[PDB]
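Please read through the structure below; I'll follow up with questions.
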Amino acid sequence: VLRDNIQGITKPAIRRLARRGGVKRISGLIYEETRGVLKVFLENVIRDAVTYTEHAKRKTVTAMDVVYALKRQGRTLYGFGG
Amino acid sequence: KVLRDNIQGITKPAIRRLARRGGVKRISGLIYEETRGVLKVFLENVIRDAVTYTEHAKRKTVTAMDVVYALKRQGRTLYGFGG
Amino acid sequence: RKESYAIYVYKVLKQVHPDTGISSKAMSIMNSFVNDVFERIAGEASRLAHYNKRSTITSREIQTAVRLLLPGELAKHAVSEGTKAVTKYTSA
Amino acid sequence: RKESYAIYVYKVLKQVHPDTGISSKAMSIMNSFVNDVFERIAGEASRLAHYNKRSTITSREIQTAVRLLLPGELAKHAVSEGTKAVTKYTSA
Amino acid sequence: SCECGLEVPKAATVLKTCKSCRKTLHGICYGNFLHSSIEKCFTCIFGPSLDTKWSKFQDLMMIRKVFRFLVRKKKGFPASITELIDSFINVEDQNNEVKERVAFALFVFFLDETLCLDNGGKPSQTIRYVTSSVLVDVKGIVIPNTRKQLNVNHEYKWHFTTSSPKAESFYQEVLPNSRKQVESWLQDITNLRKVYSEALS
Amino acid sequence: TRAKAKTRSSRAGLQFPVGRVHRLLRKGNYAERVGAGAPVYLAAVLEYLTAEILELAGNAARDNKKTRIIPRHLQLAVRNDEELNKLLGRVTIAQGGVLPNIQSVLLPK
Amino acid sequence: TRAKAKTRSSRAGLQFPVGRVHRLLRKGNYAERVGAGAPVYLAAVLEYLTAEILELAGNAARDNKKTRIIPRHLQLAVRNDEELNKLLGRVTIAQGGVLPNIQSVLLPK
Amino acid sequence: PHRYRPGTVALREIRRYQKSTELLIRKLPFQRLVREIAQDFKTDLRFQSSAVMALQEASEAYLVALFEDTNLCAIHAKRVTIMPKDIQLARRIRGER
Amino acid sequence: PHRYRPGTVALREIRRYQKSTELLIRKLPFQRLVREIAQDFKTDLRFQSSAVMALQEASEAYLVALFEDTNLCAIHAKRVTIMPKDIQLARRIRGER
DNA sequence: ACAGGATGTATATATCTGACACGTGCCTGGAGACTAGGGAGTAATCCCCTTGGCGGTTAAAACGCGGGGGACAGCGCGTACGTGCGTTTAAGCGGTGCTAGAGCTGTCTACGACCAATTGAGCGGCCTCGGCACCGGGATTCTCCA
DNA sequence: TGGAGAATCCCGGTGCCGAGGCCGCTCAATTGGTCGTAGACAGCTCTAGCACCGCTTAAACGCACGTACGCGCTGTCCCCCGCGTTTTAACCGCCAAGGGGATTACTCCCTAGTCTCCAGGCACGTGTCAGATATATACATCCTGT
Ligand SMILES: [Zn+2]
Ligand SMILES: [Zn+2]
């Protein structure tokens with residue numbers, strides 16, 4: 001059983017994402033709240049992906065299952081099959 | 001007859017009533033001019049699609065269902081008028 | 001000859017509140033609500049069959065589409081209601 | 001046996017830039033672009049026939065659906081290209 | 001209240017009104033006017049000397065009634081004569097006199113080429129016609145030109161039209177205008193009655 | 001001979017029609033064939049959601065001391081509930097109004 | 001006998017297939033019947049849009065002194081143009097990056 | 001005289017207009033604006049009575065929801081009055097601009 | 001020593017990371033997080049290699065776009081640093097919260 | 001307002017290598033040639049709904065003026081955040097080994113489409129009464145200044 | 001901390017128009033039987049997912065230092081709110097003329113269905129050149145003292 005893997009998203013990694021966004025100076029409480037936002041995003045997408053898998057009677061999650069889940073929420077992705 | 005300068009029909013007292021329902025307590029003096037510009041852009045997009053549906057059916061009258069279809073395409077569903 | 005759900009909505013109202021009425025304007029809103037939900041579920045079930053290369057819409061497609069649309073506990077109670085009706089229909 | 005638009009996209013490229021290539025990753029993105037636009041236009045034309053109680057999809061449905069989706073001058077140039085092809089096909 | 005004096009089923013016609021005397025009128029009796037208000041009716045135009053009990057007036061009303069009913073139905077002639085009679089006349093008011101009047105109206109229609117019999121095809125190549133099969137059940141129908149009766153319990157193909165090149169004006173115009181027109185119409189009705197009497201015996 | 005006639009709704013103990021729903025699915029360009037149990041499942045779901053809204057609307061009318069439901073009462077039921085609010089998140093109800101809400105900073109002190 | 005065989009694309013002077021598009025429309029549950037001129041109209045529209053993107057992408061590659069098109073070049077063409085940006089307003093392109101942009105207030109003074 | 005202090009009447013109007021469900025724009029002036037705009041797309045058009053009413057219902061709902069987002073932006077900057085730059089920020093974040 | 005003044009290096013990193021197209025999160029730690037979340041919905045699941053890569057592409061694009069809206073809110077209040085209350089306002093206006 | 005040291009970035013040259021452009025063989029799907037029937041266009045008629053004009057009464061928009069309080073700029077202070085250096089740690093890469101589940105054929109039966117005859121449930125028309133809006137009067141409460 | 005005064009709430013009596021219930025009938029749902037194909041079930045093959053181990057070095061981590069950004073406090077003054085007058089146009093009845101939507105039979109051309117057959121497109125090899133990787137050099141920008 002895996003546990004406490006949310007800490008893998010380190011402090012230096014978050015700063016790199018902010019730099020590409022165009023942020024110059026960062027507070028000290030940003031890192032804790034960013035982890036919470038990311039966790040909520042993944043739960044919604046993964047829940048729909050598993051639902052497609054069970055309907056097809058399979059035990060492996062494929063790339064097309066992820067693409068269909070994203071499109072339903074309004075975020076189309078180009079590049080991975082489709 | 002050609003209509004003109006009807007955007008001034010939206011008076012200053014009317015805009016304040018809309019702001020009060022929104023929950024606004026104090027208003028600046030330059031809000032009224034910019035609000036008229038925002039409303040005009042909104043109507044142009046909706047009316048353009050409504051006329052397109054009318055021409056496809058070969059009619060000269062705009063019906064209530066034409067407006068409902070136009071709103072739904074943009075992502076604003078309306079309940080109450082047919083549909 | 002036009003069709004609507006007005007007759008059937010009124011029957012459900014008498015089971016919940018036996019002595020409450022409804023106005024004509026509110027009746028139109030409820031009629032539009034039923035048509036809107038009908039198209040969401042039916043449209044989603046159509047794509048499920050296309051992905052898996054099937055030619056039939058069955059109870060499985062309807063059940064899966066409900067879980068994708070309805071949020072939280074609404075989906076949990078809706079599934080039990082649908083399953084309960086099908087087994088009773090098959091027996092009789 | 002899988003189908004794609006890779007053969008046809010490459011022909012168009014040689015008309016515009018005669019001496020430019022393309023990588024495999026970029027080819028996949030262009031393939032997904034064509035399928036996406038196909039479903040938007042075809043899906044919209046289906047609803048136009050349903051509203052007017054018709055059973056056929058003709059050139060009028062395709063033309064109207066283009067003007068609803070494409071913005072600004074893209075729609076203006078697309079209509080002329082489609083009309084030009086149909087009249088040439090009818091003559092021959 | 002109408003000058004026809006009979007009762008019409010609700011589905012057959014649409015009600016109208018006169019502006020002056022403010023009384024209900026039959027739509028089919030006046031030619032299906034555009035608006036629901038009419039300035040003057042027959043009583044207003046003619047005056048106190050208009051006796052509605054004259055046979056000519058009743059025959060005129062019956063002819064106009066039948067023509068307007070057939071025109072507004074937009075389906076041609078019905079299957080049987082009794083079906084038409086039951087459709088636009090109540091059962092209680094149905095007697096022998098109205099049957100004779102209907103037969104006279106049918107004879108007049110046949111005379112003016114409004115209603116034509118099928119020989120080998122449609123009569124005209126330009127004027128629109130509607131073809132239907134009619135089973136004859138009543139007795140007393142006379143074809144004008146051939147001067148022969150029609151057999152009972154037999155079916156024939158009939159043609160019907162609206163804009164005949166030659167038709168009488170008393171069932172073609174919409175509304176009355178003056179008293180001279182009405183008396184001319186009555187004289188024409190008298191002449192048609194004389195012709196029918198001389199052709200029947 | 002023929003043994004009477006029972007509606008398919010009665011065999012399932014429902015109030016919403018089943019025969020009508022089956023016809024709409026077939027003449028709607030959804031799929032080539034339609035199964036037998038699909039109309040029964042879909043009819044039950046629609047009935048459940050309808051009873052959910054009507055119960056909350058009736059409570060709002062009682063608090064206002066009225067015996068009829070108007071569009072204002074439907075607005076209050078949907079927006080106060082959390083699940084129904086998320087479902088109808090992009091829907092406008094005619095003659096509905098808004099919920100009373102004032103920011104705390106604006107209040108007098 | 002039979003007089004050779006000409007593709008329907010050649011009769012219209014196009015590069016995209018017409019026979020294939022006709023089959024997809026029929027086996028797609030869109031309508032009961034499909035007209036004859038519909039596939040020709042739709043094929044021409046798809047070809048026009050494809051040539052529009054490829055022309056802009058080729059210019060970007062030339063500015064960077066390369067002879068191949070990579071996903072980075074497709075991103076630059078779409079975002080710089082105004083019409084194409086509005087069309088693909090909710091689309092993510094893998095390995096695309098972002099446009100260079102820095103707010104003026106952050107610059108040193 | 002008995003003058004109310006500034007801001008007292010304004011709070012009283014907020015409670016009044018959040019309790020009703022009527023329309024807040026004069027009907028006749030709004031109708032003329034709709035017909036003027038439609039002249040560009042096509043000439044000699046006719047409207048149904050209920051068609052115009054549908055447009056007015058959707059328009060007012062759009063503006064009321066916009067003022068709620070504008071109000072939040074003003075408080076974020078420690079102010080009470082709303083200003084034109086608050087409207088522009090709300091539309092930019094929302095995605096319209 | 002030759003110490004750069006504060007803010008000089010930060011501007012240099014902005015130009016560097018707006019010019020490349022690589023991923024900015026370590027691949028191995030991200031994979032373990034995905035498998036842990038999926039345990040709740042169903043047990044004993046297997047993933048394709050390209051399935052995990054699709055999730056990482058969409059996740060980073062979501063976060064980068066969020067920081068742009070957060071930056072605009074901070075400037076509206078006459079500040080330079082970003083704070084937690086700026087993230088909350090952006091999500092509220094956008095419609096997620 | 002400069003000078004010069006110090007650090008970071010762009011340019012020209014020389015070797016490798018694996019991904020892309022091109023050729024060959026094979027077969028499945030699109031084109032050619034017919035026929036049959038029904039889907040949509042057209043003309044004549046019916047009839048209701050949108051548009052324009054006229055007059056009167058009163059609700060609402062427009063204007064003016066006095067104050068009050070909120071927006072805005074300037075200044076000072078304490079500390080949280082950026083930059084640089086040394087030590088520790090898992091990420092990344094190249095192997096080896098094994099088995100679970102994806103993907104493809106072949107056989108056959110239960111299930112959904114389709115047709116003819118029968119009948120009862122839902123739609124349109126009509127009456128009828130009571131739920132709610134309006135008006136007038138008294139009672140209660142919230143704001144403001146001494 | 002106390003009175004005035006204005007705004008809001010509560011009760012009873014009238015009347016009218018909209019919601020609820022009944023009936024005729026017609027069209028859509030139900031019952032019974034036939035035929036053909038979609039999908040369920042069983043078996044097999046080989047792909048790709050999982051597990052483990054050793055090694056090198058790049059990225060993560062902890063700590064010292066100080067300067068720049070955030071936050072609180074004070075003073076100006078300008079712009080918006082509240083209330084009384086005067087004026088303009090929305091709102092409500094009634095009437096009239098005409099435009100355009102809806103209905104129905106007639107007529108004809110266009111699309112679906114079927115059989116034969118052969119080129120256009122896909123899967124599989126092969127080599128070579130565009131891009132990747134080091135190295136030496138030239139130029140631009142920052143920061144402290146003058
Ligand atoms: Zn009469
Ligand atoms: Zn009269």
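Side-chain atoms are counted along with the backbone in the values below, which use heavy atoms only and exclude waters and symmetry mates. Chain A is the first sequence line, chain B the second, and so forth, proteins listed ahead of strands; every chain is numbered from 1.
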Which atoms of C:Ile29 approach chain F - backbone, side chain, both or neither, heavy atom under 4.5 Å: side chain
So for C:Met30, is it side chain, backbone, both, or neither that comes closer than 4.5 Å to the heavy atoms of chain F? side chain
Select one option (side chain, backbone, both, neither) describing which atoms of C:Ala42 are under 4.5 Å from chain F's heavy atoms. both
List the residues meeting side chain to side chain contact (heavy atoms under 4.5 Å, CB included) with C:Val37, not counting sequence neighbours, and say none if there are none. C:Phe33, C:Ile41, F:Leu46, F:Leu49
So which donor and acceptor atoms of chain F and chain C come within less than 3.5 Å of each other?
residue	atom	partner	partner atom	Å
F:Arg20	NH1	C:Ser4	O	3.2
F:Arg23	NH2	C:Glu3	OE1	3.2
F:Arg23	NH2	C:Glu3	OE2	3.3
F:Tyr30	O	C:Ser46	OG	2.9
F:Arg33	N	C:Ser55	O	3.1
F:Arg33	O	C:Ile57	N	3.4
F:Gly35	N	C:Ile57	O	3.0
F:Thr67	O	C:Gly21	N	2.9
F:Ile69	N	C:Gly21	O	3.4
F:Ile69	O	C:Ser23	N	3.4
F:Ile69	O	C:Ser23	OG	3.2
F:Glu83	OE2	C:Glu73	N	3.3

Closest non-hydrogen atoms of C:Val86 and F:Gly37, given as atom of the first, atom of the second and distance, are CG2-O, 4.5 Å
Non-hydrogen atoms of chain C under 4.5 Å away: do they reach the side chain of F:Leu87, the backbone, both or neither? both
Note: C:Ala26 and F:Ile69 closest approach over all heavy atoms is CB-O, 3.7 Å
Considering all heavy atoms of both residues, which atom of F:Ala44 and which atom of C:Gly82 are nearest to each other, and what is their separation? CB-CA, 4.1 Å
